[PDB]
Ligand SMILES: CC(=O)c1ccc(OCC(=O)O)cc1
């Protein structure tokens, strides 16, 4: 069923809250035993958001290999993502160790450091060229190289140095600075313009480790980003926008991490993003320039 027609049917009937609860009801449930070990309590931001044991990312150290992060492997789309929580004051070292060990090129951040007058994650990257960060626990140095600021989003070139070997890599930081907590982005066009900037960087390409995507919990906003990327990619491969069921893609993604898409509005936006983005995948290249203009970046 063409999702555009499923969309208008759900919209006119106002059954978004009902569709969403069906997804919640059928969603996978797997053990999270390592997350809930007492030694890992200060490594989790929320008590009710845990990585499954089968899909969790492991840190390469004998001490404690635990981080709140999950590998989402989409077999048909041939894309991988790591979804993680906003780093805590005591996990900033672990976060950059994961980025290093997994060979990621890109970090995608969908939240602000402060929202609704509370702290949603640590200031985990440097704000000035000449004030580099050193993570003593994981033996890494991080330096801001350059910054490109636009209306709603900012791209940063960072240099990550393994102090043990003196190897260095360029990491790209893609920061979306407009997405309300437990809410959907402003226009659909604006979100999509951000999505294509990440793609054009090569951060999502198979010659690199998986991209690291996060917000506060790493399930709501983060869920919306990788659901829309994967659905549009599946449209390109078989060329049948019709042969794409967004609900079934979501349930597949929820076998790897719990609670992806947190509200019935996030589910609705996801539909809007994919329907609007499909007006490109299917050969209207101009629409890209239109999104950029409509986004007023
Ligand atoms: C194998 C894989 O990544 C996958 C792709 C798509 C899935 O549902 C949607 C559909 O088939 O239209 C489920 C899983």
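Looking at the header, which is where the method is noted, we find X-ray crystallography, 2.5 Å.
Using the three backbone atoms N, Cα and C, a Cβ is placed for every residue, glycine included.
Here Swiss-Prot flags 1 as N-acetylmethionine, drawing on experimental evidence. Mapped onto three states, the DSSP output places residue 1 (N-acetylmethionine) in coil.
The Cβ of residue 20 (phosphotyrosine) lies under 8 Å from the Cβ of 261, 263, 264, 267, each on the same chain and at least six residues away in sequence. Under the heading phosphotyrosine, Swiss-Prot lists 20 (among others).
Residues or ranges marked as phosphoserine in Swiss-Prot: 50 (among others). Cβ contacts within 10 Å of residue 50 (phosphoserine), excluding its own Cβ and spanning all protein chains shown: 23. Secondary structure at residue 50 (phosphoserine), as computed by DSSP, is coil.
The annotation phosphotyrosine is assigned in Swiss-Prot to 66 (among others). Sequence-distant contacts (6 or more apart, same chain, Cβ under 8 Å) of residue 66 (phosphotyrosine) comprise 34, 35, 37, 39, 40, 43, 56, 59.
Swiss-Prot lists 181, 215, 216, 217, 218, 219, 220, 221, 262 with the feature substrate binding site. Sequence-distant neighbours of residue 181 (substrate binding site) (same chain, 6+ residues apart, CB-CB distance under 8 A): 111, 115, 116, 120, 216.
The feature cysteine sulfinic acid (-SO2H) is assigned by Swiss-Prot to 215. In the three-state DSSP scheme, residue 215 (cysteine sulfinic acid (-SO2H)) falls into the coil class. The local packing around residue 215 (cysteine sulfinic acid (-SO2H)), expressed as other Cβ atoms within 10 Å of its Cβ over all shown chains, amounts to 28.
Look at Swiss-Prot and you will find 215 tagged as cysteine sulfenic acid (-SOH), backed by experimental evidence.
The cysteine persulfide annotation in Swiss-Prot covers 215.
Annotation source Swiss-Prot lists S-nitrosocysteine at 215.
What Swiss-Prot lists as active site, phosphocysteine intermediate is 215.
The annotation phosphoserine is assigned in Swiss-Prot to 242 (among others) on the grounds of experimental evidence. Counted within 10 Å of its Cβ, the other Cβ atoms near residue 242 (phosphoserine) come to 13, all protein chains included.
The phosphoserine annotation in Swiss-Prot covers 243 (among others) and is backed by experimental evidence. The DSSP secondary structure for residue 243 (phosphoserine) is helix.
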Legend entry - Inter-residue Cα distance where the pair is residue 218 (substrate binding site) and residue 243 (phosphoserine), in Å: 28
Inset, instruction - Out of the recorded positions 50, 218, 220, 242, 262, give me the one sitting nearest to residue 1 (N-acetylmethionine) by CA distance. - result: 242
Inset, instruction - Enter the number of other CB atoms within 10 angstroms of the CB of residue 216 (substrate binding site). - result: 24
